[PDB]
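Here is the file coords12.pdb (PDB, C-alpha atoms).
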```
ATOM      1  CA  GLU A   1      97.359 -55.907  88.148
ATOM      2  CA  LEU A   2      96.365 -55.488  91.783
ATOM      3  CA  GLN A   3      99.438 -53.350  92.433
ATOM      4  CA  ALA A   4      98.560 -51.092  89.520
ATOM      5  CA  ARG A   5      94.954 -50.912  90.737
ATOM      6  CA  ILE A   6      96.109 -49.832  94.195
ATOM      7  CA  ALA A   7      98.399 -47.275  92.557
ATOM      8  CA  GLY A   8      95.426 -45.850  90.685
ATOM      9  CA  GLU A   9      93.522 -45.761  93.960
ATOM     10  CA  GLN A  10      96.344 -43.734  95.505
ATOM     11  CA  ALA A  11      96.190 -41.394  92.522
ATOM     12  CA  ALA A  12      92.479 -40.899  93.182
ATOM     13  CA  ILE A  13      93.135 -40.015  96.822
ATOM     14  CA  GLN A  14      95.823 -37.586  95.642
ATOM     15  CA  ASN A  15      93.233 -35.970  93.397
ATOM     16  CA  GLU A  16      90.855 -35.606  96.331
ATOM     17  CA  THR A  17      93.642 -33.967  98.337
ATOM     18  CA  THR A  18      94.183 -31.427  95.564
ATOM     19  CA  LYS A  19      90.433 -30.820  95.375
ATOM     20  CA  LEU A  20      90.280 -30.152  99.114
ATOM     21  CA  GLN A  21      93.136 -27.661  98.825
ATOM     22  CA  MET A  22      91.249 -25.924  96.027
ATOM     23  CA  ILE A  23      88.054 -25.848  98.147
ATOM     24  CA  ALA A  24      89.988 -24.239 101.029
ATOM     25  CA  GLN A  25      91.380 -21.567  98.719
ATOM     26  CA  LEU A  26      87.893 -20.884  97.387
ATOM     27  CA  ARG A  27      86.586 -20.578 100.952
ATOM     28  CA  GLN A  28      89.225 -17.976 101.734
ATOM     29  CA  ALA A  29      88.452 -16.094  98.521
ATOM     30  CA  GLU A  30      84.741 -16.072  99.352
ATOM     31  CA  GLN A  31      85.397 -14.610 102.792
ATOM     32  CA  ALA A  32      87.596 -11.935 101.224
ATOM     33  CA  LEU A  33      84.863 -11.102  98.713
ATOM     34  CA  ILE A  34      82.259 -10.769 101.469
ATOM     35  CA  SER A  35      84.584  -8.378 103.289
ATOM     36  CA  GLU A  36      85.036  -6.401 100.070
ATOM     37  CA  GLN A  37      81.270  -6.095  99.664
ATOM     38  CA  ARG A  38      80.949  -4.923 103.264
ATOM     39  CA  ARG A  39      83.538  -2.236 102.663
ATOM     40  CA  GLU A  40      81.871  -1.174  99.422
ATOM     41  CA  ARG A  41      78.614  -0.661 101.313
ATOM     42  CA  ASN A  42      80.432   1.246 104.050
ATOM     43  CA  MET A  43      82.155   3.479 101.465
ATOM     44  CA  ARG A  44      78.808   4.117  99.740
ATOM     45  CA  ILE A  45      77.176   5.269 102.976
ATOM     46  CA  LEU A  46      80.063   7.527 104.019
ATOM     47  CA  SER A  47      81.066   8.787 100.567
ATOM     48  CA  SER A  48      81.970  12.467 100.425
ATOM     49  CA  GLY A  49      80.339  12.718  97.008
ATOM     50  CA  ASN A  50      76.912  12.555  98.606
ATOM     51  CA  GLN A  51      75.027  15.838  98.415
ATOM     52  CA  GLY A  52      71.768  15.257 100.265
ATOM     53  CA  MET A  53      70.528  16.239 103.695
ATOM     54  CA  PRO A  54      67.167  16.579 105.459
ATOM     55  CA  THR A  55      65.035  19.578 104.545
ATOM     56  CA  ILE A  56      63.307  21.885 107.015
ATOM     57  CA  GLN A  57      59.664  22.324 106.044
TER      58      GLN A  57
ATOM     59  CA  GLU B   1     105.019 -50.151  81.980
ATOM     60  CA  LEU B   2     101.488 -49.314  83.080
ATOM     61  CA  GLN B   3     102.552 -49.380  86.728
ATOM     62  CA  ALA B   4     105.385 -46.967  86.010
ATOM     63  CA  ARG B   5     103.003 -44.750  84.029
ATOM     64  CA  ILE B   6     100.584 -44.622  86.960
ATOM     65  CA  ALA B   7     103.513 -43.842  89.257
ATOM     66  CA  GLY B   8     104.439 -40.910  87.038
ATOM     67  CA  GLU B   9     100.816 -39.801  87.146
ATOM     68  CA  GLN B  10     100.957 -39.834  90.947
ATOM     69  CA  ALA B  11     104.141 -37.774  90.766
ATOM     70  CA  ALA B  12     102.296 -35.227  88.632
ATOM     71  CA  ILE B  13      99.482 -34.972  91.177
ATOM     72  CA  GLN B  14     102.117 -34.539  93.896
ATOM     73  CA  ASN B  15     103.562 -31.665  91.892
ATOM     74  CA  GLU B  16     100.139 -30.051  91.652
ATOM     75  CA  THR B  17      99.759 -30.388  95.423
ATOM     76  CA  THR B  18     103.058 -28.576  95.947
ATOM     77  CA  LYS B  19     101.989 -25.894  93.469
ATOM     78  CA  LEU B  20      98.736 -25.346  95.356
ATOM     79  CA  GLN B  21     100.646 -24.978  98.621
ATOM     80  CA  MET B  22     102.878 -22.406  96.947
ATOM     81  CA  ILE B  23      99.814 -20.529  95.608
ATOM     82  CA  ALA B  24      98.325 -20.416  99.130
ATOM     83  CA  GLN B  25     101.554 -19.002 100.541
ATOM     84  CA  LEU B  26     101.628 -16.387  97.794
ATOM     85  CA  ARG B  27      98.016 -15.456  98.578
ATOM     86  CA  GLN B  28      98.912 -14.898 102.215
ATOM     87  CA  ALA B  29     101.964 -12.844 101.241
ATOM     88  CA  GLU B  30      99.854 -10.683  98.930
ATOM     89  CA  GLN B  31      97.357  -9.957 101.695
ATOM     90  CA  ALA B  32     100.219  -9.028 104.020
ATOM     91  CA  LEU B  33     101.664  -6.704 101.378
ATOM     92  CA  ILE B  34      98.308  -4.979 100.883
ATOM     93  CA  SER B  35      98.105  -4.430 104.636
ATOM     94  CA  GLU B  36     101.636  -3.015 104.598
ATOM     95  CA  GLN B  37     100.683  -0.563 101.855
ATOM     96  CA  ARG B  38      97.615   0.496 103.828
ATOM     97  CA  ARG B  39      99.754   1.184 106.866
ATOM     98  CA  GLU B  40     102.303   3.091 104.798
ATOM     99  CA  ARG B  41      99.525   5.362 103.545
ATOM    100  CA  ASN B  42      98.198   5.791 107.076
ATOM    101  CA  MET B  43     101.688   6.662 108.376
ATOM    102  CA  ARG B  44     102.156   9.166 105.530
ATOM    103  CA  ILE B  45      98.923  10.980 106.383
ATOM    104  CA  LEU B  46      99.595  11.111 110.132
ATOM    105  CA  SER B  47     103.368  11.628 110.009
ATOM    106  CA  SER B  48     104.710  14.094 112.558
ATOM    107  CA  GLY B  49     107.237  15.325 110.008
ATOM    108  CA  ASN B  50     104.497  17.153 108.142
ATOM    109  CA  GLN B  51     104.761  20.923 108.436
ATOM    110  CA  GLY B  52     101.758  22.306 106.582
ATOM    111  CA  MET B  53      98.455  23.750 107.713
ATOM    112  CA  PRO B  54      95.712  25.945 106.236
ATOM    113  CA  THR B  55      96.464  29.643 105.882
ATOM    114  CA  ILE B  56      94.161  32.469 106.943
ATOM    115  CA  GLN B  57      93.795  34.968 104.110
TER     116      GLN B  57
ATOM    117  CA  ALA C   1      76.053  40.546 101.893
ATOM    118  CA  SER C   2      78.613  43.309 101.439
ATOM    119  CA  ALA C   3      78.850  45.662 104.459
ATOM    120  CA  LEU C   4      82.118  44.121 105.674
ATOM    121  CA  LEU C   5      82.671  41.195 103.283
ATOM    122  CA  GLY C   6      83.914  43.320 100.401
ATOM    123  CA  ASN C   7      82.587  40.739  97.922
ATOM    124  CA  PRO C   8      79.571  41.780  95.818
ATOM    125  CA  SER C   9      70.625  36.468 101.735
ATOM    126  CA  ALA C  10      72.371  36.019 105.109
ATOM    127  CA  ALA C  11      70.823  32.533 105.408
ATOM    128  CA  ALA C  12      73.549  31.817 102.846
ATOM    129  CA  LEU C  13      77.027  32.730 104.081
ATOM    130  CA  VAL C  14      76.661  30.701 107.264
ATOM    131  CA  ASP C  15      75.492  27.757 105.163
ATOM    132  CA  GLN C  16      78.481  28.023 102.815
ATOM    133  CA  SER C  17      81.054  28.179 105.606
ATOM    134  CA  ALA C  18      79.371  25.313 107.446
ATOM    135  CA  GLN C  19      79.320  23.374 104.174
ATOM    136  CA  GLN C  20      83.086  23.716 103.883
ATOM    137  CA  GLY C  21      83.533  22.516 107.456
ATOM    138  CA  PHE C  22      81.138  19.602 107.068
ATOM    139  CA  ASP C  23      82.796  18.624 103.798
ATOM    140  CA  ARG C  24      86.085  18.317 105.666
ATOM    141  CA  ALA C  25      84.311  16.221 108.296
ATOM    142  CA  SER C  26      82.835  14.021 105.563
ATOM    143  CA  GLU C  27      86.276  13.499 104.046
ATOM    144  CA  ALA C  28      87.531  12.459 107.475
ATOM    145  CA  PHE C  29      84.650   9.989 107.766
ATOM    146  CA  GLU C  30      85.501   8.597 104.334
ATOM    147  CA  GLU C  31      89.120   8.106 105.384
ATOM    148  CA  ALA C  32      87.803   6.319 108.465
ATOM    149  CA  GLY C  33      85.819   4.076 106.148
ATOM    150  CA  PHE C  34      88.935   3.255 104.133
ATOM    151  CA  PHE C  35      90.892   1.982 107.150
ATOM    152  CA  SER C  36      88.492  -0.621 108.543
ATOM    153  CA  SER C  37      90.379  -0.932 111.789
ATOM    154  CA  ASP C  38      92.905   1.772 112.651
ATOM    155  CA  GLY C  39      90.357   4.135 111.152
ATOM    156  CA  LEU C  40      88.314   5.352 114.092
ATOM    157  CA  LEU C  41      90.989   7.985 114.653
ATOM    158  CA  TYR C  42      89.697   9.607 111.476
ATOM    159  CA  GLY C  43      86.202   9.205 112.873
ATOM    160  CA  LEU C  44      87.239  11.179 115.945
ATOM    161  CA  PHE C  45      88.804  13.820 113.698
TER     162      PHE C  45
ATOM    163  CA  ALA D   1     109.130  40.285 123.549
ATOM    164  CA  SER D   2     111.437  40.979 126.482
ATOM    165  CA  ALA D   3     109.663  42.788 129.357
ATOM    166  CA  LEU D   4     109.362  39.667 131.528
ATOM    167  CA  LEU D   5     110.966  36.899 129.452
ATOM    168  CA  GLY D   6     114.433  37.836 130.678
ATOM    169  CA  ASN D   7     116.083  35.739 127.998
ATOM    170  CA  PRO D   8     116.969  38.238 125.242
ATOM    171  CA  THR D   9     114.991  37.992 122.006
ATOM    172  CA  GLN D  10     116.477  39.804 119.014
ATOM    173  CA  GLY D  11     113.149  40.986 117.629
ATOM    174  CA  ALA D  12     109.706  39.518 116.972
ATOM    175  CA  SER D  13     105.964  40.001 117.697
ATOM    176  CA  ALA D  14     103.495  38.792 120.406
ATOM    177  CA  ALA D  15     100.838  36.265 119.156
ATOM    178  CA  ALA D  16     104.089  34.601 117.963
ATOM    179  CA  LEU D  17     104.475  33.213 121.481
ATOM    180  CA  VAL D  18     100.957  31.802 121.538
ATOM    181  CA  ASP D  19     101.757  30.131 118.221
ATOM    182  CA  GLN D  20     104.986  28.605 119.524
ATOM    183  CA  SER D  21     103.390  27.139 122.641
ATOM    184  CA  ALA D  22     100.408  25.851 120.670
ATOM    185  CA  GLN D  23     102.880  24.333 118.218
ATOM    186  CA  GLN D  24     104.560  22.418 121.028
ATOM    187  CA  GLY D  25     101.222  21.077 122.214
ATOM    188  CA  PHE D  26     100.064  20.166 118.724
ATOM    189  CA  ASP D  27     103.388  18.474 117.996
ATOM    190  CA  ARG D  28     102.865  16.252 121.023
ATOM    191  CA  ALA D  29      99.353  15.503 119.776
ATOM    192  CA  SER D  30     100.771  14.686 116.338
ATOM    193  CA  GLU D  31     103.269  12.285 117.888
ATOM    194  CA  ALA D  32     100.397  10.617 119.726
ATOM    195  CA  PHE D  33      98.537  10.279 116.422
ATOM    196  CA  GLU D  34     101.650   8.769 114.849
ATOM    197  CA  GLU D  35     101.821   6.203 117.643
ATOM    198  CA  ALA D  36      98.143   5.474 117.042
ATOM    199  CA  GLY D  37      99.000   4.864 113.406
ATOM    200  CA  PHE D  38     101.762   2.441 114.365
ATOM    201  CA  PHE D  39      99.464   0.207 116.435
ATOM    202  CA  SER D  40      96.703  -0.544 113.930
ATOM    203  CA  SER D  41      94.411  -1.990 116.557
ATOM    204  CA  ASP D  42      95.188  -1.284 120.207
ATOM    205  CA  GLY D  43      96.164   2.148 118.942
ATOM    206  CA  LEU D  44      93.055   4.251 119.406
ATOM    207  CA  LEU D  45      94.179   4.822 122.986
ATOM    208  CA  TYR D  46      96.946   6.976 121.537
ATOM    209  CA  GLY D  47      94.316   8.664 119.396
ATOM    210  CA  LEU D  48      92.385   9.588 122.531
ATOM    211  CA  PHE D  49      95.607  10.868 124.099
TER     212      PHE D  49
END
```

Would you give me this structure, written as structure tokens?
Amino acid sequence: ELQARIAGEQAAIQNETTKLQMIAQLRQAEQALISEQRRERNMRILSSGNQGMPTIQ
Amino acid sequence: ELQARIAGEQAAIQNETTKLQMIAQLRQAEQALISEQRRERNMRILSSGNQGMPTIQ
Amino acid sequence: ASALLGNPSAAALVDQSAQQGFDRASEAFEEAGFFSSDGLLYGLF
Amino acid sequence: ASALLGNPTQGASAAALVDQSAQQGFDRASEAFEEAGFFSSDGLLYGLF
């Protein structure tokens, strides 16, 4: 019974390892998404579809 | 039998760990491929083999 | 309007030609925006 | 066409020559831009060239 308990404990540590891998992937995805938002803002400022300009009055 | 079942369960978590590693490698490869496509587009715009220019008419 | 243009106010033709030029410049700036790095060449253009 | 060039030209115009020389210069500039494209970063030096 103690051997099987220790085996279950190893399985739990395995699960934590998988969870940490998943957290690292999510971290990378979040950084990529922040970069995408930055580039969306940049595109919106510099878009050639803009039609406005200051008016002389 | 329960010990061997828990051992199989550990093997399954090992397999998931390997799968996550493979997913991370694929993520990196996909980012590299997107960069390669960007650079192909950039090269196509700036290629010295282009021969066109605007015409005065 | 038509003395030498041949196409039937003057504060208009200069604005149209400059608009075409500045539209090309804006397209260059947009291309610079697309390439985050390796894009300031389009900014210089 | 041939008054001072010396090398015989079969027949052509004048501005033609300005266009050819400007084409050589602009081709060198285009090659510099291509090199700038190759080096994504550390490539804007070639853009300035």

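You will find CA of residue 30 in chain C at 22.5 Å from CA of residue 33 in chain B.
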
Can you show chain B as a PDB file with C-alpha atoms, in the frame of the given file once it has been least-squares superposed onto chain A, using every C-alpha atom paired in order?
```pdb
ATOM      1  CA  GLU B   1      97.360 -55.907  88.148  1.00  0.00           C
ATOM      2  CA  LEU B   2      96.365 -55.489  91.783  1.00  0.00           C
ATOM      3  CA  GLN B   3      99.438 -53.350  92.433  1.00  0.00           C
ATOM      4  CA  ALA B   4      98.559 -51.091  89.519  1.00  0.00           C
ATOM      5  CA  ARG B   5      94.953 -50.913  90.737  1.00  0.00           C
ATOM      6  CA  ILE B   6      96.108 -49.832  94.195  1.00  0.00           C
ATOM      7  CA  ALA B   7      98.399 -47.276  92.558  1.00  0.00           C
ATOM      8  CA  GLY B   8      95.426 -45.850  90.685  1.00  0.00           C
ATOM      9  CA  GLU B   9      93.521 -45.760  93.960  1.00  0.00           C
ATOM     10  CA  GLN B  10      96.345 -43.734  95.506  1.00  0.00           C
ATOM     11  CA  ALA B  11      96.189 -41.393  92.521  1.00  0.00           C
ATOM     12  CA  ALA B  12      92.479 -40.899  93.182  1.00  0.00           C
ATOM     13  CA  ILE B  13      93.135 -40.015  96.822  1.00  0.00           C
ATOM     14  CA  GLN B  14      95.825 -37.587  95.642  1.00  0.00           C
ATOM     15  CA  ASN B  15      93.233 -35.970  93.398  1.00  0.00           C
ATOM     16  CA  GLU B  16      90.855 -35.607  96.330  1.00  0.00           C
ATOM     17  CA  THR B  17      93.642 -33.968  98.337  1.00  0.00           C
ATOM     18  CA  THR B  18      94.184 -31.426  95.564  1.00  0.00           C
ATOM     19  CA  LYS B  19      90.433 -30.820  95.375  1.00  0.00           C
ATOM     20  CA  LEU B  20      90.279 -30.152  99.113  1.00  0.00           C
ATOM     21  CA  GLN B  21      93.134 -27.660  98.825  1.00  0.00           C
ATOM     22  CA  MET B  22      91.248 -25.925  96.027  1.00  0.00           C
ATOM     23  CA  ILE B  23      88.054 -25.846  98.147  1.00  0.00           C
ATOM     24  CA  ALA B  24      89.989 -24.240 101.030  1.00  0.00           C
ATOM     25  CA  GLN B  25      91.379 -21.567  98.719  1.00  0.00           C
ATOM     26  CA  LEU B  26      87.894 -20.884  97.387  1.00  0.00           C
ATOM     27  CA  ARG B  27      86.586 -20.577 100.953  1.00  0.00           C
ATOM     28  CA  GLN B  28      89.226 -17.976 101.735  1.00  0.00           C
ATOM     29  CA  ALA B  29      88.451 -16.093  98.521  1.00  0.00           C
ATOM     30  CA  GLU B  30      84.740 -16.071  99.351  1.00  0.00           C
ATOM     31  CA  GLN B  31      85.397 -14.611 102.792  1.00  0.00           C
ATOM     32  CA  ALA B  32      87.597 -11.934 101.224  1.00  0.00           C
ATOM     33  CA  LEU B  33      84.863 -11.103  98.712  1.00  0.00           C
ATOM     34  CA  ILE B  34      82.261 -10.769 101.469  1.00  0.00           C
ATOM     35  CA  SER B  35      84.584  -8.378 103.289  1.00  0.00           C
ATOM     36  CA  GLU B  36      85.036  -6.401 100.070  1.00  0.00           C
ATOM     37  CA  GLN B  37      81.270  -6.095  99.665  1.00  0.00           C
ATOM     38  CA  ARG B  38      80.949  -4.922 103.263  1.00  0.00           C
ATOM     39  CA  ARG B  39      83.538  -2.236 102.663  1.00  0.00           C
ATOM     40  CA  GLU B  40      81.871  -1.174  99.422  1.00  0.00           C
ATOM     41  CA  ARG B  41      78.615  -0.660 101.315  1.00  0.00           C
ATOM     42  CA  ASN B  42      80.432   1.246 104.049  1.00  0.00           C
ATOM     43  CA  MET B  43      82.155   3.481 101.467  1.00  0.00           C
ATOM     44  CA  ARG B  44      78.808   4.116  99.740  1.00  0.00           C
ATOM     45  CA  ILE B  45      77.176   5.268 102.977  1.00  0.00           C
ATOM     46  CA  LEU B  46      80.062   7.527 104.019  1.00  0.00           C
ATOM     47  CA  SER B  47      81.065   8.787 100.565  1.00  0.00           C
ATOM     48  CA  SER B  48      81.970  12.467 100.426  1.00  0.00           C
ATOM     49  CA  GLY B  49      80.339  12.718  97.008  1.00  0.00           C
ATOM     50  CA  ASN B  50      76.912  12.555  98.607  1.00  0.00           C
ATOM     51  CA  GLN B  51      75.026  15.838  98.414  1.00  0.00           C
ATOM     52  CA  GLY B  52      71.770  15.256 100.264  1.00  0.00           C
ATOM     53  CA  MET B  53      70.528  16.239 103.695  1.00  0.00           C
ATOM     54  CA  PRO B  54      67.167  16.580 105.459  1.00  0.00           C
ATOM     55  CA  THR B  55      65.035  19.577 104.545  1.00  0.00           C
ATOM     56  CA  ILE B  56      63.307  21.884 107.016  1.00  0.00           C
ATOM     57  CA  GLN B  57      59.665  22.322 106.043  1.00  0.00           C
TER      58      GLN B  57
END
```

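With CA of residue 53 in chain B on one side and CA of residue 22 in chain C on the other, the separation reads 17.8 Å.
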
Residues of chain C near chain A: apply a cut-off of 12 Å, count all atoms listed in the file, and supply the list as a VMD selection string. chain C and resid 19 to 20 22 to 37 43

Return the neighbours of chain D among the residues of chain C, cut-off 8 Å, counting only C-alpha atoms, as a ChimeraX atom specification. /C:37-38,40-41

Do you have the CA of residue 37 in chain B-CA of residue 35 in chain D distance handy? 17.2 Å

Could you list, as number ranges by chain, every residue matched by the PyMOL selection byres ((chain A and resi 6-14) around 9) in this structure? A: 1-5, 15-19; B: 3, 6-7, 9-11, 13-14, 17

Determine which residues of chain D sit within 6 Å of chain B, taking into account all atoms listed in the file, and present them as a ChimeraX atom specification. /D:30-31,34,37

So which residues touch residue 28 in chain A within 12 Å, counting only C-alpha atoms, skipping near sequence neighbours fewer than 6 positions away, as a list in words? residues 21, 22, 34 and 35 of chain A; 24, 27, 28 and 31 of chain B

Take the residues just selected and output them with C-alpha atoms as a CSV table (one decimal), in the coordinates of the input.
```
chain,number,residue,atom,x,y,z
A,21,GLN,CA,93.1,-27.7,98.8
A,22,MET,CA,91.2,-25.9,96.0
A,34,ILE,CA,82.3,-10.8,101.5
A,35,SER,CA,84.6,-8.4,103.3
B,24,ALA,CA,98.3,-20.4,99.1
B,27,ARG,CA,98.0,-15.5,98.6
B,28,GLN,CA,98.9,-14.9,102.2
B,31,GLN,CA,97.4,-10.0,101.7
```

Box along x, y and z, 8 Å on every side, all listed atoms of range 40-46 of chain B inside: centre and edge lengths in Å to one decimal, as JSON.
```
{"center_x": 100.3, "center_y": 7.1, "center_z": 106.8, "size_x": 20.1, "size_y": 24.0, "size_z": 22.6}
```
